[PDB]
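The chain below stands alone and is given in structure tokens; this is the form deposited in one PDB entry.
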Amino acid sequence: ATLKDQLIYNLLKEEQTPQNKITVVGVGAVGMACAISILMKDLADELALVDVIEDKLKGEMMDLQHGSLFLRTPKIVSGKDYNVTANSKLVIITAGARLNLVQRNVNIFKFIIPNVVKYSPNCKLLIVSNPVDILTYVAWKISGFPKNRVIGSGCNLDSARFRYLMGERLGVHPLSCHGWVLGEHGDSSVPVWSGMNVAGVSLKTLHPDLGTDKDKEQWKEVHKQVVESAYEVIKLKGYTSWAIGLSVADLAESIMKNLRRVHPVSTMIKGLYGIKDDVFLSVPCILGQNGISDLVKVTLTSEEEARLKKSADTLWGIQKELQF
């Protein structure tokens, strides 16, 4: 007659599978920022963590667990073995180590993806690890999931940084500053000037020289600052964490709560802008409980299409040379 048995009468031991489980793969600075943002948004009833460094993994798990009083996620687990990830709705891959980088990371996915698939055959994959557009393709390929269930973080953070910088210029909350950065994540991303607006007032229409060499106000600087800010953050603190974690949590929210909000994420663009290769790039997608159910067909200028087409060529050039 334990104290537990004296205190509590059990009606059923009928344990059941977690209903809204999320797994993060890789407990580096990016993965843990994703984890804490996810925990604080009450998106999962069970959170699983996986990594190859066993000590760091257990220690992060316990540190999260010790915050359980202040959370609404009743079960947090971790392990190197992927059985802990079983029955995840969403699995978020951040594992890496900050063309060498590709095959290096391709070998890693060859282990991770099949294990993820093994234990959550019907999950959505959200790839954050870089190069994210290539690695989203790699995951799509290895897992054999339909295109809707393999999502890259893509230009989600790029766009968010853009909207912050735009809001600073205008003196307006980023929520009310709209603008899309599409295509290849990072250096070669495309700011779609035609979609930039506040309250439906297109900045292109008011300012027809927007984002061109002529522009007297040099709004191209804003997109340049998006990439410059990324290098400056790494220069200053060594890594990026908070912003990517907050943006991934926002994607997870749409997926887990089947919101059908639209986000700039990396999806297979074969069939658009004259691209015929099996490659992934960022366009606005509708996110929900089976991942990317729909995408928005943004009208690009000839110069913008050309930039996406060049990225798709560069990326297929790397991908045809890959060993699976």
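Residue positions are given as counts along the sequence shown, with the first one as 1. Whichever C-alpha set is largest while still superposing within 1.5 Å between the two forms counts as the rigid core.
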Checklist entry - Core-superposed in 9 other deposited structures of this protein, which stretch deviates more in Cα positions, 87-95 or 208-216? => result 208-216
Checklist entry - So if we fit everything on the core, which stretch drifts more in 9 other deposited structures of this protein, 250-258 or 228-236, C-alphas only? => result 228-236
Checklist entry - Deposited residues absent from the coordinates between residue 98 and residue 99, none, 1 to 3, 4 to 9, or 10 or more? => result 4 to 9
Next on the checklist: Regarding 213-221 and 176-184, which shows the higher C-alpha temperature factor on average in the entry?
Outcome noted: 213-221
Checklist entry - Which of the two stretches, 8-16 or 306-314, shows the higher mean Cα temperature factor in the record? => result 8-16
Item to check | C-alpha B-factor winner, where the candidates are 129, 197, 229, 247 | outcome: 229
Checklist entry - What's the residue among 167, 191, 121, 154 with the greatest CA temperature factor in the PDB record? => result 121
Checklist entry - Compared with the other modelled residues in the chain, in which third is the CA B-factor of residue 72? => result lowest
Checklist entry - Hey, what third does residue 87 fall into on Cα B-factor, ranked over its chain? => result middle
Checklist entry - Among the chain's modelled residues, which third holds the C-alpha B-factor of residue 111? => result highest
Item to check | Chain-relative CA temperature factor third for residue 254 | outcome: lowest
Checklist outcome for this item: residue 276: CA temperature factor from the record, placed by chain third, in the highest
